[PDB]
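Below, in structure tokens: the form deposited without its partner chain, a single chain.
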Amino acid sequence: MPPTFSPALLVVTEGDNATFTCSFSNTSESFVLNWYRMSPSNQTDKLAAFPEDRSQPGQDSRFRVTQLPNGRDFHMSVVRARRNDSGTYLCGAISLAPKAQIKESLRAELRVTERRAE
């Protein structure tokens, strides 16, 4: 039922492929799923989408969407995360029609900790 994005806090190490889970419910039989970073200025920046609504080849390819065999569950991965990727994130969906509008999920935190000594 509700548009969800979890865990509410993900803690990872520098160079990890940091993954969150989105979950969505819709009346529309088909839709675009999309992903955002939320700024301290309270704006949002587009990261990735499925089907790919990212438009341009200037999108950072580290941000990955993968569709799960659950049928309505989705893997949002920051492939090779650095300390600068720490911040707030949130998920969304929108129908294929031109009259559509974005349904957003609740927000979560990404936290990237220092690469350990070995």
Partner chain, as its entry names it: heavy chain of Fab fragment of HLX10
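Positions refer to the first chain, counted from 1.
The next section is about a form of this same protein that is not shown, the form deposited with its partner chain bound.
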Heavy atoms within 4.5 Å of its partner chain in the deposited complex: does residue 28 have any?
yes
Does its partner chain come within 4.5 Å of any heavy atom of residue 79 in the deposited complex?
no
Any chance residue 55 has a heavy atom within 4.5 Å of its partner chain in the deposited complex?
yes
Though the partner is not shown here, which residues of 75-104 have a heavy atom within 4.5 Å of its partner chain in the deposited complex?
94, 96, 97, 98
